[PDB]
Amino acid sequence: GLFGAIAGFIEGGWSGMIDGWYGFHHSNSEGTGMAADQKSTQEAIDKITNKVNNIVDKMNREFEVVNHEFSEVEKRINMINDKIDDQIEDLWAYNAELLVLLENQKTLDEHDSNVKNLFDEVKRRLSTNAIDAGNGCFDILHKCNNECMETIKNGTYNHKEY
């Protein structure tokens, strides 16, 4: 994808992550954990919610096609009326189809960006105290207990301590 994270440097998703789109796995001496990151997840939810509400609002403006009857000596007017209804319907078909193809492209790329940004956010916070494995994982060069781990996840980790 555009940002190279989803189906990219992180090769696959986690089937265990049900309550969120993006999150963390950790392993230390005290054991193992996997949980959604609620901040990055909720930011993404707000954005797609805004997009959906905008798509619904821009497609629900008042519109009506009253069918009309014409005499056998009103063939030109009958054809003109049919042209209006066909050509306006045709322009709305373009708008609806193109908007879904365009926004589906962006939505999937926006998710890819969200994953890359979360990864980059952790990489900078860890700085020289961690080795990049190149699969979305960091090997921490010091002992990092559950307190240290939560400090990385919620973004209060100060690399100068270690």
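Quick note: we count residues from 1 along the sequence shown, nothing fancier.
Asker: Averaging the C-alpha B factors as listed in the entry, name the stretch that ends up higher: 125-133 or 99-107.
Answerer: Comparing 125-133 with 99-107, the higher mean C-alpha B-factor belongs to 125-133.
Asker: Would you mind comparing 90-98 and 65-73 for me and telling me which has the higher average C-alpha temperature factor in the entry?
Answerer: In the deposited entry, the stretch with the higher C-alpha B-factor mean is 65-73.
Asker: Where does the C-alpha B-factor of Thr49 rank in its chain, lowest, middle or highest third?
Answerer: Lowest third.
Asker: Would you please rank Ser40 by its C-alpha temperature factor against the other modelled residues of its chain and give the third it falls in: lowest, middle or highest?
Answerer: CA B-factor rank for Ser40: middle third.
Asker: What third of its chain's C-alpha B-factors does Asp112 belong to: lowest, middle or highest?
Answerer: Bottom third by C-alpha B-factor.
Asker: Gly4's Cα B-factor: lowest, middle or highest third of the chain?
Answerer: Lowest third.
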